[PDB]
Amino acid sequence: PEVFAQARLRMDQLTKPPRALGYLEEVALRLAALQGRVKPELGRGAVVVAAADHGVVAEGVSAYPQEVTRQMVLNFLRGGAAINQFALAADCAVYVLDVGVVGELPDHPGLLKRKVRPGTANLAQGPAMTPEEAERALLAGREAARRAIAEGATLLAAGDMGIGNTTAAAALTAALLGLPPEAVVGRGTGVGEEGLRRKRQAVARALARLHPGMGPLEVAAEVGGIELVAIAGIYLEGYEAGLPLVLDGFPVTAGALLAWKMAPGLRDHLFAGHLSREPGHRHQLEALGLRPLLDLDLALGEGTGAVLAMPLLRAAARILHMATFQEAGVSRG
């Protein structure tokens, strides 16, 4: 691992005071170690937005009708969503993966139709999905990332779209980290005390069907969402492909937690794009041991926070491309 050492040695000789580029110096080094290069290279990015509906909307956990998921997917394909706008500004390709949206979707170049089932079952009253479906969701996730990678992605983010997925995310997070509902439940798409109560209860109901020994994917099948599992697959594929992986918000990071529990060293490839407003996000980042690159009080999802951070990751990658004191003829003191 001479590269880790060499990159670190070069960093110390770049033309700038020691520690002058703060947290970006650490990012630069991680990117260096990931690619096995002293001077990391980054270009075209990609985000795979996984969409699926949740049966838990029946418990009244969202402020939006279930139909918003399907409608937003069409919005993604037509470029009218936030993720479309940010991806345009960040040189990021946009892929949309349907793994569980309720309703049919027409064929479209930017859409991978892999519907595992019309939304999950109500997670508050039983397993969200079966083990076989969870495996298909994971497979669909890996497939989409694979395509994004084959098409030139150098940085990979995952995005989410699923009305009521903050509940599934909280349950999956509480389960994988051994946390109580109160620690992982938040505002979501904008809910008051009545909503929060109903979410905490749904999470509690799910956690009560779990037991020690259950593997991470079995836990995800019981308490999560189809798109959350697909997201875990997106990161698993990217990790195996050795690419830098960028985290978005609470629902997306919940999927990253699953991937991590299934692949221990995957955290080495993760970069937290931001810290969302969702209270549970802090817990996820603390367990992943990651510092958010951005904190803009975002609460949208879709992979927006991850995509907004891509430019920063590219800037960090360029740090080691700077001249050293000797290379630039600059006195060091």
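When you see a residue number, it is the position in the sequence shown, counting from 1.
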Higher-scoring stretch by recorded Cα B factor average, 116-124 or 85-93: 116-124
Higher-B stretch (mean Cα B-factor, as the entry records it), 131-139 or 185-193: 185-193
From 46, 306, 38, 275, residue of greatest CA B-factor: 38
Residue of maximum C-alpha B factor among 104, 160, 240, 98, per deposited coordinates: 104
Where the record places residue 59 (Cα B-factor, split into thirds across the chain): highest
Assigned third (lowest, middle, highest) for the C-alpha B factor of residue 299: middle
For residue 173, the third of its chain into which the C-alpha B factor falls: lowest
Residue 9, C-alpha B-factor rank within chain (lowest, middle or highest third): highest
Third of the chain, ranked by Cα B-factor, where residue 150 sits: highest
